[PDB]
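Note sheet for the following structure.
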Amino acid sequence: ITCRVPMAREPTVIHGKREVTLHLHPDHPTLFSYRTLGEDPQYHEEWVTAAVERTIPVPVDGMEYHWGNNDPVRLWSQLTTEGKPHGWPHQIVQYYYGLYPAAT
Amino acid sequence: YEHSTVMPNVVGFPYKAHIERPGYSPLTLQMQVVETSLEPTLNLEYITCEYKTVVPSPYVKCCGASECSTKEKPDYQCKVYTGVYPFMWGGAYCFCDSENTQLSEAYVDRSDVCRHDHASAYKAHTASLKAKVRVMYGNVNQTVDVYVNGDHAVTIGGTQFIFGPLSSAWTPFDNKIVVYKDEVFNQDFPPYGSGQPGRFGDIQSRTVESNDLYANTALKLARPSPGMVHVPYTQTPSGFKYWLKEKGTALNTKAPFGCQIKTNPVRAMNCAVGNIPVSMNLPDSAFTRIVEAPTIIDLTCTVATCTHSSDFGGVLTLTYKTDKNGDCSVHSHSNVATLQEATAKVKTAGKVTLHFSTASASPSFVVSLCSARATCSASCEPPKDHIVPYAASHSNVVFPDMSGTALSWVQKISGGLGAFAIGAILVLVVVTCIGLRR
Amino acid sequence: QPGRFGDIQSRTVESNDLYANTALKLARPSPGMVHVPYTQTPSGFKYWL
Ligand SMILES: *[C@@H]1O[C@H](CO)[C@@H](O[C@@H]2O[C@H](CO)[C@@H](O)[C@H](O)[C@H]2NC(C)=O)[C@H](O)[C@H]1NC(C)=O
Ligand SMILES: *[C@@H]1O[C@H](CO)[C@@H](O)[C@H](O)[C@H]1NC(C)=O
C-alpha cells in the first residue's frame, strides 16, 4: 500500500568563499547527508535532533546535500577571488594566488 | 561524406561540431547528451532472509523410553531426556515417578515473508553503457536512444551515427555487492555453505523458490524444568536483522562523479567521466553550395563586455560587408570560449551580435562566419556572486593568451634581460677576439 | 535574519509598524483537498531563549 510522510523544512543557506553554512531547524529527528562530486568524495551523514549549524565545502566540481525527505539539491562554486587581473604586477599576482595559491 | 570527432560526456553541455568540405558552405552540428545509464551484468550467488524456528509439541511416554533418529532437515537437533514428572492443570500425567521420558526436537525454516523481504548477493562483471543523445542541425531536431558500444548505428534524417566506445573503463561497483530494496552496498559476503551465526549469511538459498536451505544458527536444547511441560531452547538471534541495523553507509551516498544509483535493474545514471567518439556519414543534401551561399569579406571582430562566469557572460559584435541576405553557420575554432548560437542571420546592414562564455582572464580565439575568418581577443573581469545552482557551461581553461597583460609583462622583462645578456656575451666575444689576434 | 534573534522587530511596544523576515513560502495544495500549505522558519525568539 501507499503511506504518508511529511517533508522537512527547507534550511537557511548562507554563502561564502567556497563554503556554505547551513541552519537546520528540525521538528523531528531527520537525516542529513552530503557528498562532493569529484574524484574522491567526502561523504557524511548523521541524525540531527536539535537546531544546529553545519559548514559544507563546495569545490568547483560541485556539492549535493540531502536534507530530510526532500529531493537533493546541488550547488557549484564560481571562480571568484580578490585583486585585479589587469593592474600592477602585484595585483595580478594576488588575483592568481587567490585562485590557485600553491602553483602561483 | 564521413567525419569523426570526440565529445565530452557531461550531461547538459552543448557541443558544436564543425564540418567543412570543398565546394560547400560550412555546416554546424549540435549534439547534446540528455541521460546516461551504466548497467553491469550480474550473476546471483545466494539470497538471505529472516527465519522462524518450528518447534513441535513434546512427546511424553509414561513408563517407557524413546530414541529419535536423525532427519535431513535444516539444523535439526533432537534430544531425549530421562527422569521427568510432567504436571498439567488437573494433576500428574503418568503413574511412574522416575520411569518417564520426554522427547524434544526443533529445526529452522525460512520465514513466510521471505519472498517479499530478502537481500540478494551478486557479483559484478564488465558493465555496459547506454545513453539518450539529441541531434540538432538544419530543420531536424530529434532525440535517439543509443548503445555506447561502437556497434550501434542509428539513422537521423538519412544520416548514420555511430557512437563510442567510452575512453575510460571505470565502474563504481566492486566485485561483490549486496542489493536490498533500493540500495546497493560494496560489501563482501561469506561463501555459500560457510555462513556464521549472528551475522549476514546465517541462512542461504540458491534462489527464492529453492527447495534446499543451509542454516547455521547454533540451536541448542535444554533440560525441562521440574514439574512443567515445556521445551526450552537458546539460540543466537537472526543475522539479517543485525545487518539491517548497522549495515553501514549505502553506496547511494558514496558514489563518486555524482552518480545517481537506482535498482531494478541495478544501474548508475548520470556519471561524468571520459569522452565519447562520434563517427558519422552525412548525405550530400544536408549542405549548401557556395554559389547560393553568401560571401563575407573584410570581417573584423571586437568585444564589448566580458565576465568569466558560469553563464554566457560576454558579448561580441562582428562587422562585415556582404552581397545578399541569408543565414550563415557560426563557430569558434578554439576551446577557451564556447559560443551559444549555432546559426546567425546576416543582413546588408553589416552587424551581428553573439553571446559566449569563457573562464580565462584574457581569451583569444578565431570566430568564423560562413567562409570568412577573423580573430578576437579581450580582457575579462571576475564575478561577484560566490555560489550558483547550475553547472558550468564552459570548458575549464585558465591559461591566458600569449599577448595578455601578465604574459606581456613577463615577455618584456624577459626580453630586457635577454638583450642585456646578449650584449654582455657580445662584449666578451669581441674582447676575446682582440686578445687572441695579438 | 530568519531563525535567529531579531527576526521580528518593532520600534516600541505600541508602534503600528513591524519588520518581519521569516521566509514564508506557499505550496500547491494536494489534489482533492482544501487547505493552505506553507513552510516557515521557526521563531527566532524561542531559539534565542
Ligand atoms: C499402569 O500402571 C502400572 C504402575 O502401577 C504400570 O506398570 C509399570 O509398567 C512398567 C513397564 O510396563 C514397569 O517398568 C513398572 O515397573 C510397572 N510398575 C508397576 C508398579 O508394576 C503399567 O504399565 C500401567 N499400564 C498402563 C496401560 O498405563
Ligand atoms: C527540439 O525539440 C524539443 C522537443 O520538443 C524542444 O524542447 C526544443 O526546444 C527543440 N529545439 C529546437 C532548437 O527547436
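Every chain in the C-alpha cells takes a letter, A first, then B, and so on in the order presented; its residues are numbered from 1, and the ligands are numbered from 1 following the presented order.
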Kindly compile the residues surrounding ligand 2 within 12 Å, counting only C-alpha atoms and all ligand atoms, and format them as a ChimeraX atom specification. /B:14,29-32,34,133-144,340-343
When DSSP is applied to the backbone of this structure, which of range 189-239 of chain B are assigned strand (DSSP E)? Write them out as a PyMOL selection string. chain B and resi 203-204+214-215+220-221+233-234
Write out the residues from the selection above, keeping C-alpha atoms, as a short mmCIF file (atom, residue, chain, number, x, y, z; two decimals), in the first residue's frame.
data_model
loop_
_atom_site.label_atom_id
_atom_site.label_comp_id
_atom_site.auth_asym_id
_atom_site.auth_seq_id
_atom_site.Cartn_x
_atom_site.Cartn_y
_atom_site.Cartn_z
CA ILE B 203 20.75 -18.56 6.09
CA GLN B 204 21.47 -19.05 2.40
CA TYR B 214 21.60 -24.05 4.60
CA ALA B 215 21.22 -22.74 8.15
CA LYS B 220 20.81 -25.99 21.49
CA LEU B 221 18.11 -27.51 23.68
CA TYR B 233 16.00 -23.58 23.63
CA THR B 234 18.77 -20.98 23.44
#
Could you give me, as a ChimeraX atom specification, every polymer residue with an atom at most 8 Å away from an atom of ligand 1, counting only C-alpha atoms and all ligand atoms? /B:62-64,94-96,99
If you keep N, CA and C atoms, can you produce a file of those selected residues as a JSON list (two decimals), in the first residue's frame?
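Below is the file selection.json, written as the result:
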[["chain", "number", "residue", "atom", "x", "y", "z"],
["B", 62, "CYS", "N", 4.68, -42.54, 29.29],
["B", 62, "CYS", "CA", 4.54, -42.98, 30.67],
["B", 62, "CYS", "C", 5.06, -44.41, 30.79],
["B", 63, "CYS", "N", 6.05, -44.60, 31.66],
["B", 63, "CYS", "CA", 6.66, -45.91, 31.91],
["B", 63, "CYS", "C", 7.21, -46.51, 30.62],
["B", 64, "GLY", "N", 8.20, -45.82, 30.06],
["B", 64, "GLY", "CA", 8.83, -46.28, 28.83],
["B", 64, "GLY", "C", 9.98, -45.38, 28.45],
["B", 94, "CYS", "N", 1.52, -39.15, 34.52],
["B", 94, "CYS", "CA", 1.80, -40.58, 34.47],
["B", 94, "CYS", "C", 2.00, -41.13, 35.88],
["B", 95, "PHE", "N", 1.75, -42.43, 36.02],
["B", 95, "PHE", "CA", 1.96, -43.10, 37.30],
["B", 95, "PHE", "C", 3.44, -43.12, 37.68],
["B", 96, "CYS", "N", 4.29, -43.56, 36.75],
["B", 96, "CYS", "CA", 5.70, -43.80, 37.04],
["B", 96, "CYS", "C", 6.40, -42.53, 37.51],
["B", 99, "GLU", "N", 10.25, -43.34, 35.81],
["B", 99, "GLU", "CA", 10.39, -44.17, 34.61],
["B", 99, "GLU", "C", 9.83, -43.49, 33.37]]
Using only C-alpha atoms and a cut-off of 12 Å, which residues of chain B sit close to chain A? Please list them as a PDB file with N, CA, C and O atoms, in the first residue's frame.
ATOM      1  N   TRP B 170      35.767   2.625 -16.339  1.00  0.00           N
ATOM      2  CA  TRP B 170      35.687   2.794 -14.897  1.00  0.00           C
ATOM      3  C   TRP B 170      34.271   2.489 -14.436  1.00  0.00           C
ATOM      4  O   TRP B 170      33.300   2.969 -15.028  1.00  0.00           O
ATOM      5  N   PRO B 172      31.749   2.021 -10.781  1.00  0.00           N
ATOM      6  CA  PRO B 172      31.689   2.275  -9.338  1.00  0.00           C
ATOM      7  C   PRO B 172      31.351   1.062  -8.488  1.00  0.00           C
ATOM      8  O   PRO B 172      31.458   1.151  -7.258  1.00  0.00           O
ATOM      9  N   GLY B 248      25.758  -0.086   7.424  1.00  0.00           N
ATOM     10  CA  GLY B 248      26.792   0.884   7.130  1.00  0.00           C
ATOM     11  C   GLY B 248      26.229   2.054   6.340  1.00  0.00           C
ATOM     12  O   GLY B 248      25.088   2.472   6.549  1.00  0.00           O
ATOM     13  N   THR B 249      27.043   2.570   5.426  1.00  0.00           N
ATOM     14  CA  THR B 249      26.654   3.668   4.554  1.00  0.00           C
ATOM     15  C   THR B 249      26.412   3.112   3.159  1.00  0.00           C
ATOM     16  O   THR B 249      27.269   2.418   2.602  1.00  0.00           O
ATOM     17  N   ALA B 250      25.227   3.378   2.620  1.00  0.00           N
ATOM     18  CA  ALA B 250      24.885   2.892   1.294  1.00  0.00           C
ATOM     19  C   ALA B 250      25.719   3.598   0.233  1.00  0.00           C
ATOM     20  O   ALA B 250      26.151   4.741   0.406  1.00  0.00           O
ATOM     21  N   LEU B 251      25.945   2.899  -0.880  1.00  0.00           N
ATOM     22  CA  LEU B 251      26.674   3.490  -1.994  1.00  0.00           C
ATOM     23  C   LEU B 251      25.899   4.623  -2.652  1.00  0.00           C
ATOM     24  O   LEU B 251      26.484   5.396  -3.419  1.00  0.00           O
ATOM     25  N   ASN B 252      24.602   4.747  -2.362  1.00  0.00           N
ATOM     26  CA  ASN B 252      23.823   5.848  -2.918  1.00  0.00           C
ATOM     27  C   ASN B 252      24.350   7.194  -2.433  1.00  0.00           C
ATOM     28  O   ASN B 252      24.213   8.209  -3.126  1.00  0.00           O
ATOM     29  N   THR B 253      24.958   7.223  -1.246  1.00  0.00           N
ATOM     30  CA  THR B 253      25.530   8.440  -0.684  1.00  0.00           C
ATOM     31  C   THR B 253      27.055   8.379  -0.625  1.00  0.00           C
ATOM     32  O   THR B 253      27.677   9.055   0.194  1.00  0.00           O
ATOM     33  N   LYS B 254      27.664   7.566  -1.487  1.00  0.00           N
ATOM     34  CA  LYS B 254      29.120   7.472  -1.564  1.00  0.00           C
ATOM     35  C   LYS B 254      29.672   7.483  -2.980  1.00  0.00           C
ATOM     36  O   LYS B 254      30.892   7.602  -3.136  1.00  0.00           O
ATOM     37  N   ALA B 255      28.842   7.360  -4.010  1.00  0.00           N
ATOM     38  CA  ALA B 255      29.349   7.189  -5.362  1.00  0.00           C
ATOM     39  C   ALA B 255      30.066   8.452  -5.836  1.00  0.00           C
ATOM     40  O   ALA B 255      29.526   9.556  -5.717  1.00  0.00           O
ATOM     41  N   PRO B 256      31.274   8.323  -6.369  1.00  0.00           N
ATOM     42  CA  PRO B 256      31.970   9.481  -6.933  1.00  0.00           C
ATOM     43  C   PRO B 256      31.372   9.875  -8.278  1.00  0.00           C
ATOM     44  O   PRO B 256      30.554   9.164  -8.863  1.00  0.00           O
ATOM     45  N   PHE B 257      31.797  11.044  -8.754  1.00  0.00           N
ATOM     46  CA  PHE B 257      31.357  11.637 -10.015  1.00  0.00           C
ATOM     47  C   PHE B 257      29.867  11.954 -10.033  1.00  0.00           C
ATOM     48  O   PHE B 257      29.290  12.129 -11.112  1.00  0.00           O
ATOM     49  N   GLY B 258      29.230  12.039  -8.869  1.00  0.00           N
ATOM     50  CA  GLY B 258      27.818  12.382  -8.816  1.00  0.00           C
ATOM     51  C   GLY B 258      26.915  11.382  -9.505  1.00  0.00           C
ATOM     52  O   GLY B 258      25.991  11.778 -10.225  1.00  0.00           O
ATOM     53  N   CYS B 259      27.159  10.092  -9.296  1.00  0.00           N
ATOM     54  CA  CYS B 259      26.413   9.043  -9.977  1.00  0.00           C
ATOM     55  C   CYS B 259      25.191   8.661  -9.150  1.00  0.00           C
ATOM     56  O   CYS B 259      25.323   8.123  -8.046  1.00  0.00           O
ATOM     57  N   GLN B 260      24.005   8.939  -9.686  1.00  0.00           N
ATOM     58  CA  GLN B 260      22.774   8.503  -9.043  1.00  0.00           C
ATOM     59  C   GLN B 260      22.588   7.008  -9.262  1.00  0.00           C
ATOM     60  O   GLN B 260      22.700   6.517 -10.390  1.00  0.00           O
ATOM     61  N   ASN B 270      23.901   9.130 -14.955  1.00  0.00           N
ATOM     62  CA  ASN B 270      24.491  10.470 -14.967  1.00  0.00           C
ATOM     63  C   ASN B 270      25.894  10.478 -14.367  1.00  0.00           C
ATOM     64  O   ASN B 270      26.210  11.282 -13.488  1.00  0.00           O
ATOM     65  N   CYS B 271      26.748   9.577 -14.847  1.00  0.00           N
ATOM     66  CA  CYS B 271      28.148   9.560 -14.445  1.00  0.00           C
ATOM     67  C   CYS B 271      28.952  10.422 -15.410  1.00  0.00           C
ATOM     68  O   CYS B 271      28.839  10.264 -16.631  1.00  0.00           O
ATOM     69  N   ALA B 272      29.762  11.330 -14.872  1.00  0.00           N
ATOM     70  CA  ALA B 272      30.531  12.272 -15.677  1.00  0.00           C
ATOM     71  C   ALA B 272      31.992  11.837 -15.703  1.00  0.00           C
ATOM     72  O   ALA B 272      32.749  12.128 -14.771  1.00  0.00           O
ATOM     73  N   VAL B 273      32.388  11.149 -16.775  1.00  0.00           N
ATOM     74  CA  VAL B 273      33.767  10.707 -16.949  1.00  0.00           C
ATOM     75  C   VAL B 273      34.008  10.329 -18.406  1.00  0.00           C
ATOM     76  O   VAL B 273      33.139   9.740 -19.059  1.00  0.00           O
ATOM     77  N   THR B 307      32.875  38.831 -18.724  1.00  0.00           N
ATOM     78  CA  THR B 307      32.937  38.493 -17.304  1.00  0.00           C
ATOM     79  C   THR B 307      32.896  36.975 -17.207  1.00  0.00           C
ATOM     80  O   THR B 307      31.851  36.370 -17.465  1.00  0.00           O
ATOM     81  N   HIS B 308      34.022  36.364 -16.845  1.00  0.00           N
ATOM     82  CA  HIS B 308      34.127  34.910 -16.882  1.00  0.00           C
ATOM     83  C   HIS B 308      33.309  34.306 -15.746  1.00  0.00           C
ATOM     84  O   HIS B 308      33.790  34.165 -14.618  1.00  0.00           O
ATOM     85  N   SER B 309      32.065  33.947 -16.051  1.00  0.00           N
ATOM     86  CA  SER B 309      31.164  33.327 -15.094  1.00  0.00           C
ATOM     87  C   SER B 309      30.593  32.064 -15.724  1.00  0.00           C
ATOM     88  O   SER B 309      30.891  31.730 -16.875  1.00  0.00           O
ATOM     89  N   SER B 310      29.761  31.356 -14.961  1.00  0.00           N
ATOM     90  CA  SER B 310      29.209  30.098 -15.448  1.00  0.00           C
ATOM     91  C   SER B 310      28.178  30.304 -16.548  1.00  0.00           C
ATOM     92  O   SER B 310      27.973  29.401 -17.365  1.00  0.00           O
ATOM     93  N   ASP B 311      27.526  31.463 -16.590  1.00  0.00           N
ATOM     94  CA  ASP B 311      26.581  31.766 -17.650  1.00  0.00           C
ATOM     95  C   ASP B 311      27.326  32.234 -18.895  1.00  0.00           C
ATOM     96  O   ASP B 311      28.555  32.169 -18.982  1.00  0.00           O
ATOM     97  N   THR B 358      33.379  32.058 -21.134  1.00  0.00           N
ATOM     98  CA  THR B 358      34.792  31.729 -21.006  1.00  0.00           C
ATOM     99  C   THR B 358      35.141  31.644 -19.528  1.00  0.00           C
ATOM    100  O   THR B 358      34.319  31.939 -18.656  1.00  0.00           O
ATOM    101  N   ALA B 359      36.383  31.239 -19.251  1.00  0.00           N
ATOM    102  CA  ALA B 359      36.849  31.114 -17.876  1.00  0.00           C
ATOM    103  C   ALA B 359      38.247  31.681 -17.674  1.00  0.00           C
ATOM    104  O   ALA B 359      38.760  31.628 -16.551  1.00  0.00           O
ATOM    105  N   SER B 360      38.875  32.220 -18.712  1.00  0.00           N
ATOM    106  CA  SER B 360      40.226  32.740 -18.608  1.00  0.00           C
ATOM    107  C   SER B 360      40.207  34.253 -18.419  1.00  0.00           C
ATOM    108  O   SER B 360      39.228  34.934 -18.729  1.00  0.00           O
ATOM    109  N   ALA B 361      41.317  34.774 -17.891  1.00  0.00           N
ATOM    110  CA  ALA B 361      41.434  36.213 -17.686  1.00  0.00           C
ATOM    111  C   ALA B 361      41.452  36.962 -19.012  1.00  0.00           C
ATOM    112  O   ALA B 361      40.886  38.054 -19.123  1.00  0.00           O
ATOM    113  N   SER B 362      42.099  36.392 -20.028  1.00  0.00           N
ATOM    114  CA  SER B 362      42.214  37.029 -21.339  1.00  0.00           C
ATOM    115  C   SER B 362      42.139  35.959 -22.420  1.00  0.00           C
ATOM    116  O   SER B 362      43.140  35.279 -22.701  1.00  0.00           O
ATOM    117  N   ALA B 378      40.199  39.715 -25.920  1.00  0.00           N
ATOM    118  CA  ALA B 378      39.537  40.621 -24.992  1.00  0.00           C
ATOM    119  C   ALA B 378      40.109  40.423 -23.596  1.00  0.00           C
ATOM    120  O   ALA B 378      40.912  39.520 -23.349  1.00  0.00           O
ATOM    121  N   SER B 379      39.682  41.290 -22.681  1.00  0.00           N
ATOM    122  CA  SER B 379      40.030  41.213 -21.271  1.00  0.00           C
ATOM    123  C   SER B 379      38.753  41.109 -20.451  1.00  0.00           C
ATOM    124  O   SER B 379      37.807  41.874 -20.661  1.00  0.00           O
ATOM    125  N   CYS B 380      38.728  40.164 -19.514  1.00  0.00           N
ATOM    126  CA  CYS B 380      37.537  39.867 -18.732  1.00  0.00           C
ATOM    127  C   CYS B 380      37.812  40.078 -17.251  1.00  0.00           C
ATOM    128  O   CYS B 380      38.959  39.991 -16.802  1.00  0.00           O
ATOM    129  N   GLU B 381      36.750  40.361 -16.497  1.00  0.00           N
ATOM    130  CA  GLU B 381      36.820  40.642 -15.075  1.00  0.00           C
ATOM    131  C   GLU B 381      36.125  39.547 -14.271  1.00  0.00           C
ATOM    132  O   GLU B 381      35.185  38.911 -14.759  1.00  0.00           O
ATOM    133  N   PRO B 382      36.563  39.301 -13.034  1.00  0.00           N
ATOM    134  CA  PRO B 382      35.960  38.226 -12.250  1.00  0.00           C
ATOM    135  C   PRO B 382      34.556  38.593 -11.812  1.00  0.00           C
ATOM    136  O   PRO B 382      34.189  39.780 -11.787  1.00  0.00           O
ATOM    137  N   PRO B 383      33.731  37.612 -11.460  1.00  0.00           N
ATOM    138  CA  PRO B 383      32.381  37.895 -10.981  1.00  0.00           C
ATOM    139  C   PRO B 383      32.341  38.092  -9.468  1.00  0.00           C
ATOM    140  O   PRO B 383      33.341  37.946  -8.763  1.00  0.00           O
ATOM    141  N   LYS B 384      31.151  38.441  -8.980  1.00  0.00           N
ATOM    142  CA  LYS B 384      30.959  38.765  -7.571  1.00  0.00           C
ATOM    143  C   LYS B 384      30.170  37.706  -6.813  1.00  0.00           C
ATOM    144  O   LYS B 384      30.432  37.481  -5.627  1.00  0.00           O
ATOM    145  N   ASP B 385      29.207  37.056  -7.461  1.00  0.00           N
ATOM    146  CA  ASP B 385      28.440  36.007  -6.801  1.00  0.00           C
ATOM    147  C   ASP B 385      29.339  34.818  -6.488  1.00  0.00           C
ATOM    148  O   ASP B 385      30.186  34.433  -7.301  1.00  0.00           O
ATOM    149  N   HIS B 386      29.152  34.234  -5.305  1.00  0.00           N
ATOM    150  CA  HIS B 386      30.027  33.154  -4.867  1.00  0.00           C
ATOM    151  C   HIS B 386      29.564  31.799  -5.388  1.00  0.00           C
ATOM    152  O   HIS B 386      30.351  31.063  -5.995  1.00  0.00           O
ATOM    153  N   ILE B 387      28.299  31.449  -5.159  1.00  0.00           N
ATOM    154  CA  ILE B 387      27.792  30.101  -5.383  1.00  0.00           C
ATOM    155  C   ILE B 387      26.537  30.168  -6.241  1.00  0.00           C
ATOM    156  O   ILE B 387      25.652  30.996  -5.998  1.00  0.00           O
ATOM    157  N   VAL B 388      26.458  29.294  -7.240  1.00  0.00           N
ATOM    158  CA  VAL B 388      25.352  29.296  -8.195  1.00  0.00           C
ATOM    159  C   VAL B 388      24.771  27.890  -8.298  1.00  0.00           C
ATOM    160  O   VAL B 388      25.499  26.906  -8.111  1.00  0.00           O
ATOM    161  N   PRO B 389      23.480  27.746  -8.594  1.00  0.00           N
ATOM    162  CA  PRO B 389      22.852  26.416  -8.623  1.00  0.00           C
ATOM    163  C   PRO B 389      22.911  25.684  -9.957  1.00  0.00           C
ATOM    164  O   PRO B 389      22.201  24.686 -10.110  1.00  0.00           O
ATOM    165  N   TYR B 390      23.718  26.125 -10.919  1.00  0.00           N
ATOM    166  CA  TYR B 390      23.832  25.441 -12.199  1.00  0.00           C
ATOM    167  C   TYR B 390      25.287  25.106 -12.495  1.00  0.00           C
ATOM    168  O   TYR B 390      26.207  25.778 -12.020  1.00  0.00           O
ATOM    169  N   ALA B 391      25.482  24.052 -13.280  1.00  0.00           N
ATOM    170  CA  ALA B 391      26.822  23.633 -13.662  1.00  0.00           C
ATOM    171  C   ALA B 391      27.429  24.612 -14.659  1.00  0.00           C
ATOM    172  O   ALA B 391      26.725  25.379 -15.321  1.00  0.00           O
ATOM    173  N   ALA B 392      28.756  24.582 -14.755  1.00  0.00           N
ATOM    174  CA  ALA B 392      29.461  25.471 -15.665  1.00  0.00           C
ATOM    175  C   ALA B 392      29.154  25.116 -17.113  1.00  0.00           C
ATOM    176  O   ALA B 392      29.038  23.940 -17.473  1.00  0.00           O
ATOM    177  N   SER B 393      29.029  26.144 -17.952  1.00  0.00           N
ATOM    178  CA  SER B 393      28.758  25.975 -19.372  1.00  0.00           C
ATOM    179  C   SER B 393      29.980  26.276 -20.231  1.00  0.00           C
ATOM    180  O   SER B 393      29.840  26.590 -21.417  1.00  0.00           O
ATOM    181  N   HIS B 394      31.175  26.191 -19.655  1.00  0.00           N
ATOM    182  CA  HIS B 394      32.419  26.475 -20.355  1.00  0.00           C
ATOM    183  C   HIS B 394      33.414  25.359 -20.085  1.00  0.00           C
ATOM    184  O   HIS B 394      33.487  24.846 -18.964  1.00  0.00           O
ATOM    185  N   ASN B 396      36.697  24.010 -18.945  1.00  0.00           N
ATOM    186  CA  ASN B 396      37.528  24.606 -17.900  1.00  0.00           C
ATOM    187  C   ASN B 396      38.932  24.843 -18.437  1.00  0.00           C
ATOM    188  O   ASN B 396      39.722  23.909 -18.589  1.00  0.00           O
ATOM    189  N   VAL B 397      39.250  26.103 -18.725  1.00  0.00           N
ATOM    190  CA  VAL B 397      40.592  26.506 -19.127  1.00  0.00           C
ATOM    191  C   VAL B 397      40.914  27.822 -18.431  1.00  0.00           C
ATOM    192  O   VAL B 397      40.024  28.653 -18.218  1.00  0.00           O
ATOM    193  N   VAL B 398      42.172  27.988 -18.026  1.00  0.00           N
ATOM    194  CA  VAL B 398      42.577  29.171 -17.273  1.00  0.00           C
ATOM    195  C   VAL B 398      43.775  29.892 -17.874  1.00  0.00           C
ATOM    196  O   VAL B 398      43.909  31.118 -17.690  1.00  0.00           O
ATOM    197  N   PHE B 399      44.630  29.227 -18.645  1.00  0.00           N
ATOM    198  CA  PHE B 399      45.860  29.853 -19.109  1.00  0.00           C
ATOM    199  C   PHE B 399      45.554  31.037 -20.022  1.00  0.00           C
ATOM    200  O   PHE B 399      44.760  30.902 -20.964  1.00  0.00           O
ATOM    201  N   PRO B 400      46.154  32.197 -19.784  1.00  0.00           N
ATOM    202  CA  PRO B 400      45.881  33.370 -20.617  1.00  0.00           C
ATOM    203  C   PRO B 400      46.585  33.280 -21.965  1.00  0.00           C
ATOM    204  O   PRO B 400      47.400  32.395 -22.225  1.00  0.00           O
ATOM    205  N   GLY B 404      48.374  38.464 -23.455  1.00  0.00           N
ATOM    206  CA  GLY B 404      47.699  39.034 -22.308  1.00  0.00           C
ATOM    207  C   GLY B 404      48.622  39.906 -21.478  1.00  0.00           C
ATOM    208  O   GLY B 404      49.837  39.926 -21.662  1.00  0.00           O
ATOM    209  N   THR B 405      48.021  40.632 -20.532  1.00  0.00           N
ATOM    210  CA  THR B 405      48.765  41.652 -19.795  1.00  0.00           C
ATOM    211  C   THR B 405      49.878  41.045 -18.947  1.00  0.00           C
ATOM    212  O   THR B 405      51.023  41.513 -18.991  1.00  0.00           O
ATOM    213  N   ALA B 406      49.565  40.013 -18.160  1.00  0.00           N
ATOM    214  CA  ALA B 406      50.580  39.401 -17.307  1.00  0.00           C
ATOM    215  C   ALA B 406      51.670  38.741 -18.142  1.00  0.00           C
ATOM    216  O   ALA B 406      52.870  38.900 -17.870  1.00  0.00           O
ATOM    217  N   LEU B 407      51.269  37.984 -19.164  1.00  0.00           N
ATOM    218  CA  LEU B 407      52.252  37.399 -20.063  1.00  0.00           C
ATOM    219  C   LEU B 407      53.016  38.474 -20.820  1.00  0.00           C
ATOM    220  O   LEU B 407      54.184  38.274 -21.155  1.00  0.00           O
ATOM    221  N   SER B 408      52.389  39.626 -21.080  1.00  0.00           N
ATOM    222  CA  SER B 408      53.115  40.734 -21.695  1.00  0.00           C
ATOM    223  C   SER B 408      54.203  41.265 -20.771  1.00  0.00           C
ATOM    224  O   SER B 408      55.319  41.559 -21.218  1.00  0.00           O
ATOM    225  N   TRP B 409      53.891  41.415 -19.482  1.00  0.00           N
ATOM    226  CA  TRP B 409      54.903  41.851 -18.524  1.00  0.00           C
ATOM    227  C   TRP B 409      56.052  40.856 -18.456  1.00  0.00           C
ATOM    228  O   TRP B 409      57.231  41.244 -18.467  1.00  0.00           O
ATOM    229  N   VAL B 410      55.724  39.564 -18.393  1.00  0.00           N
ATOM    230  CA  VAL B 410      56.763  38.537 -18.370  1.00  0.00           C
ATOM    231  C   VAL B 410      57.606  38.616 -19.635  1.00  0.00           C
ATOM    232  O   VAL B 410      58.841  38.547 -19.584  1.00  0.00           O
ATOM    233  N   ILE B 413      59.949  41.832 -19.552  1.00  0.00           N
ATOM    234  CA  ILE B 413      61.046  41.680 -18.598  1.00  0.00           C
ATOM    235  C   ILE B 413      62.070  40.678 -19.124  1.00  0.00           C
ATOM    236  O   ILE B 413      63.288  40.918 -19.084  1.00  0.00           O
TER     237      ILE B 413
END
Residues near residue 72 in chain B, cut-off 12 Å, only C-alpha atoms, skip fewer than 3 positions along chain, as a list in words: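 The neighbour list is residues 69, 75, 76, 77, 107, 108, 212, 213 and 214 of chain B.
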Counting only C-alpha atoms, what is within 10 Å of residue 179 in chain B, bar same-chain residues fewer than 2 positions away, as a VMD selection string? chain B and resid 47 118 to 122 177 181 to 187 250 263 to 264 266
Got time to write the residues from that selection, C-alpha atoms, as a PDB file, in the first residue's frame?
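Wrote selection-v1.pdb, looks like this:
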ATOM      1  CA  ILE B  47      19.690 -14.782  -1.038  1.00  0.00           C
ATOM      2  CA  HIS B 118      15.097 -10.541   1.138  1.00  0.00           C
ATOM      3  CA  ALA B 119      18.634  -9.364   0.405  1.00  0.00           C
ATOM      4  CA  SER B 120      20.475 -10.583  -2.686  1.00  0.00           C
ATOM      5  CA  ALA B 121      24.192 -11.209  -3.149  1.00  0.00           C
ATOM      6  CA  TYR B 122      25.591 -10.576  -6.628  1.00  0.00           C
ATOM      7  CA  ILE B 177      27.806  -6.289  -3.948  1.00  0.00           C
ATOM      8  CA  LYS B 181      15.118  -2.731  -1.704  1.00  0.00           C
ATOM      9  CA  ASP B 182      16.622   0.305  -3.446  1.00  0.00           C
ATOM     10  CA  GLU B 183      20.177   0.446  -2.059  1.00  0.00           C
ATOM     11  CA  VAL B 184      23.448  -1.137  -3.163  1.00  0.00           C
ATOM     12  CA  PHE B 185      26.444  -1.886  -0.951  1.00  0.00           C
ATOM     13  CA  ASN B 186      30.104  -2.594  -1.710  1.00  0.00           C
ATOM     14  CA  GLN B 187      30.300  -5.319   0.934  1.00  0.00           C
ATOM     15  CA  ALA B 250      24.885   2.892   1.294  1.00  0.00           C
ATOM     16  CA  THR B 263      17.827  -0.550  -8.794  1.00  0.00           C
ATOM     17  CA  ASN B 264      15.523  -2.824 -10.801  1.00  0.00           C
ATOM     18  CA  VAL B 266      20.895  -2.197 -10.937  1.00  0.00           C
TER      19      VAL B 266
END
Return as a ChimeraX atom specification the residues belonging to chain C that are within 10 Å of chain A, counting only C-alpha atoms. /C:1-4,23,25,38-42,47
One decimal, in Å: what's the spacing between CA of residue 344 in chain B and CA of residue 161 in chain B?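 CA of residue 344 in chain B sits 25.8 Å away from CA of residue 161 in chain B.
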Residue neighbourhood residue 36 in chain C, 12 Å, only C-alpha atoms, exclusion window fewer than 3 positions, as a ChimeraX atom specification: /C:25-30,33,39
